[PDB]
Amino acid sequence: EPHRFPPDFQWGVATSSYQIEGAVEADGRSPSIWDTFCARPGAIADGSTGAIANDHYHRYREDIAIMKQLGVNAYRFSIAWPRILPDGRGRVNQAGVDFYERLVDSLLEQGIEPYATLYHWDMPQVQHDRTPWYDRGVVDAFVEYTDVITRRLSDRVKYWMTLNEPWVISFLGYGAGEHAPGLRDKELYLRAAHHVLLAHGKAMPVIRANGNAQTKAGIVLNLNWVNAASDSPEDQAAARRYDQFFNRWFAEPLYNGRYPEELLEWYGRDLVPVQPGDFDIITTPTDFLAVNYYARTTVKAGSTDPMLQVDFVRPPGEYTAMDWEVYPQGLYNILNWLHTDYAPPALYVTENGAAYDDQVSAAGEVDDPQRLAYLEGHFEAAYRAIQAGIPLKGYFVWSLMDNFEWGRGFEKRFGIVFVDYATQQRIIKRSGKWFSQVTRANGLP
């Protein structure tokens, strides 16, 4: 009774283009909305940018050898639209495509299966100027990008993800002003949310036509376990609204052709630019649903957030350096909800991980026992999910390595591999050495 995973379980690590690649001007790449936004004062907590990051653009081969040390059989990465179509549409940048050709070729030669994210938040600035997410024109721009890159790579990439975390793209980007392009307006958020779902749905047939019969595609949702602070009818109502906002806003359209009705009413139903036939596109069948899970969020009635009329409560427990509650049972809960409610033929955890404060010891080691316990607890939740019949087919750790953590900059380290930014030295952390044995044993000791 070592608690062992299915024989073909996919163990991986995950990254994104803007977070690791650097070389922002190299080889015809144009600025993204994140190259622009990092210039805004107050936007990035340490005042940094992703200009250099981990220099993975130049160092991908060495990072792939690290992946071999970790024993992963899968790697989740994103493709930078600004490298592929630097004018947003039209003329293909061959040198951009060629990077991803080299990366994928090197992965397959090392026996690592490529899982490619098409959109992980780095729209070309010149394209945003024409089609922000709140503009319906964004959809055909994204499909065109999709068409170009899947035509080149689909002989080698079988697993495709359309867009990473619709909730982040639309709400953090356009509703809270935390993420590029840094706007703060309820209507823009809801419009962006709708066009993200529509971009997903129109890209699906294009991915399948450019591939073969083995091609698999779906979306990536962030989902957290939501909890009411108390039993009071108004804490329960507040938690329900927040869950509709965070967890059901995209899932309900994707599986049931509808937005959560009472939140839609609350917002103002006309702010969502639904045209006839849009739900038919959004519900296009997927091969899987990918989940990015990190925390439990506990909610009470209040006015900290005036849009939703909720406050966040922090229950007594363990918190990461992001101030996120560690709650591995939440992963089981989310996976079981999705299974019972939507019956996806396959689920993947495409992100799960933790930021803790890391230090390189005298001996050159990074001793991260809190990160290791975080991962151990969550792998255990995933194992129980599988035993209950949930079709979880793989698990990607966020992240391969420390990287540019968006509005937190480089101060928040999610890697199981430490990166010394002064030298670009990678050091596998204790959690990474433990992971090295989980992957090889296909399970927990």
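Throughout, we count residues from 1 along the sequence that is shown.
A summary of the deposited B-factors shows that, of 207-215 and 96-104, the stretch with the larger mean C-alpha value is 207-215.
Taking the mean C-alpha B-factor of each stretch as recorded, 299-307 and 70-78 are not equal, and the higher mean is that of 299-307.
When the C-alpha B-factors of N224, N352, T117, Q110 are ranked from the entry, the top spot goes to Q110. Going by the entry's values, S154 shows the largest Cα B-factor out of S154, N333, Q127, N292.
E265: CA B factor in the highest third of modelled residues in this chain (values from the PDB entry). Per the deposited record, the Cα B-factor of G389 falls in the highest third when ranked against the other modelled residues of its chain. Per the deposited record, the Cα B-factor of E165 falls in the lowest third when ranked against the other modelled residues of its chain.
Annotation for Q370: C-alpha temperature factor in the lowest third relative to the rest of the modelled chain, per the entry. In the PDB entry, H56 places in the lowest third of its chain by CA B-factor.
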